[PDB]
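# Fold and geometry: a report
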Amino acid sequence: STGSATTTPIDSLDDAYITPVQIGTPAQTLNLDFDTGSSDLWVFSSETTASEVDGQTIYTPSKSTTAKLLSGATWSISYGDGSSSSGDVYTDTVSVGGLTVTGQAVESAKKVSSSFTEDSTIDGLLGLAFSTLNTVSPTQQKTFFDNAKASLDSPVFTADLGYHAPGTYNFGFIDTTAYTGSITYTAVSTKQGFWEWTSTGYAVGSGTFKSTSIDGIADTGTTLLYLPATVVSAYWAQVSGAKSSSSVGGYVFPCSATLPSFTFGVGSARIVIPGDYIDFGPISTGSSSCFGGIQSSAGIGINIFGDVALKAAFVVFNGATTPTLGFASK
Ligand SMILES: O[C@H]1[C@H](NCc2ccccc2)[C@H]2CO[C@H](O2)[C@@H]1Sc1ccccc1
């Protein structure tokens, strides 16, 4: 089997991407944030505190004839931005772009933090990291991809995120028309539960490539590219007026600037992120100071190849017995 679904930026800055997901019987369609950096499928629901729902589409398990409460199971998760959610668990039928999983753990939110409430465009998350990170207690549950894997034509899914444009998540197959050149595969460590890999280095604009090992995770659920302080300093040093701002919380730059591209290595291959991918607009409405899309990972503890990097590539998440990651230009 295979599945294929269109993924759409939630706003003009590509802050995140939502993908329609069918849940229950009859189908309830929610727009979820596919996140290769976590492993919980959770949703706004009829059980969510009313004051914490503001525009989201909710899952109502009482109206799904295939929904079953998972007895005694609860979940609770926190993300790097300090956001959080929690609740109970149902099993139900879940479909993504024609690919169906029965008995999928659907984590129903009772509580969500303010940042989720304030974002009316995201109805929940669909985790695509390794199931070892799933937070359901006392019995850990599997991801959508893990549940679907054996039935897929090939045990893979691919991410093709658009710059200011729609893109595609495919499951079970590789669309050879969706990229140029070849796909370069690179080793993955799953020891932290992530799609963790090692970039071979970087370049800034037309500058010479620096060969250096950068350990990081391919994470569709993070907006920006988070890299070592040395690398990030080297990038913004090429933007006149750019400065790291403590009050703002990272590198900002004059909105009138022309941003240089940023290249990262995948083995011997090179992925080029165009300069305008790195522009995340005014820090506040009307400001001429703009926020940078490449930031330091120093206060994170891990480098993150988030959407800024991934949307410059066609990315294969290969879930074979030994998983690997593939990158192609497009
Ligand atoms: O990019 C953010 C994500 N929010 C993206 C988003 C922004 C605006 C509107 C919708 C969605 C979530 C998931 O993880 C963090 O918060 C990461 S930044 C991070 C920091 C420390 C550790 C790991 C990641």
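Residues numbered from 1 in each chain as written, not as in the entry; some residues may be left out. Heavy atoms only, no water.

### Quick notes on the site of the ligand
Heads up, the rule is: It suffices for a single heavy atom of a residue to lie within 4 Å of a molecule or strand for the residue to be listed as near it. Any N or O atom pair separated by 3.5 Å or less is treated as a polar contact, with the protein-specific requirement of one donor-capable and one acceptor-capable atom, and with residues adjacent in sequence counted only for side-chain atom pairs. Computed with the Shrake-Rupley method and a 1.4 Å probe, the accessible areas treat only the protein chains shown as cover for residues. Ten residue types, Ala, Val, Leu, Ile, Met, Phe, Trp, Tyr, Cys and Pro, are classed as nonpolar, four, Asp, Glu, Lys and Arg, as charged, and the remainder, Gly among them, as polar. Reported domain spans reflect what an automatic or database domain assignment gives.
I10, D15, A16, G80, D81, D119, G221, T222, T223, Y226, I300 and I304 make up every residue found near the ligand. Take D81: an N or O atom from its side chain is 3.4 Å from an oxygen atom of the ligand. Calculation on the ligand without its partners gives an accessible area of 540 Å², and the protein chains cover 71% of this total. Classifying every residue of the shell around the ligand gives five nonpolar, four polar and three charged. Domain assignment of the residues forming the shell around the ligand places at least three in each of domain 1 (5-174) and domain 2 (175-330).

### Notes on the sheet that holds strand β16 (residues 250-254)
The following threshold applies: The pairing criterion for strands is at least two bridges between them, as found by DSSP. Secondary structure follows DSSP: runs of H or I at least 4 residues long count as helices, runs of E at least 2 residues long count as strands, and numbering of each begins at the N terminus. To define axes, lines are fitted to C-alpha atoms, for helices over the stretch in contact only, and angles between the resulting N-to-C directions are given on a 0 to 180 degree scale.
Across the sheet, which stays open at both edges, the four strands sit in the order β15-β16-β20-β19 with antiparallel pairing between neighbours. In this open sheet, the two edge strands, each paired with only one partner strand, are β15 (243-245) and β19 (279-282). Within the sheet, the average angular offset between the axes of one strand and its neighbour, ignoring direction, is 40°. Looking at chain direction, β16 and strand β20 (residues 289-292) are connected through three bridges and run antiparallel. Counted as the bridge partner of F253 is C290 from β20.

### Here's the deal with the nonpolar core
Which entries qualify depends on this criterion: What we call a nonpolar core is a set of buried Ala, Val, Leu, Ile, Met, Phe, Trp, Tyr and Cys residues that are connected through their side-chain atoms within 4.5 Å. For each residue, the accessible area found with a 1.4 Å probe, counting protein chains only, is set against the maximum for its type, and the residue is called buried under 20%, exposed over 50%, and partly exposed in between. Pairs of residues are marked as contacts when any of their non-hydrogen atoms sit within 4.5 Å.
Residues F171, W236, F262, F264, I273 and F327 are the most contacted members of the largest nonpolar core, which totals 67 residues. In terms of residues, this core owes the most to one element, helix α3 (residues 229-236), which gives four residues. Two domains share this core, each providing at least three of its residues, namely domain 1 (5-174) and domain 2 (175-330). Other than its neighbours up to four places away in sequence, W236 contacts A242, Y251, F253, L259, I278, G292, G293 and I294.

### Looking at unusual backbone geometry
Each neighbour pair has its own omega, and for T25 with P26 the value is -5°, a cis peptide bond. Position of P26 relative to the elements: it lies in the loop between β2 (17-23) and β3 (28-35). Residues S137 and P138 are joined by a peptide bond in cis, for which omega reads 5°. Position of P138 relative to the elements: it lies in the loop between β8 (124-127) and α2 (144-148). Backbone geometry places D14, a non-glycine residue, at a positive phi of 55°.

Shape descriptors only; they carry no functional weight alone.
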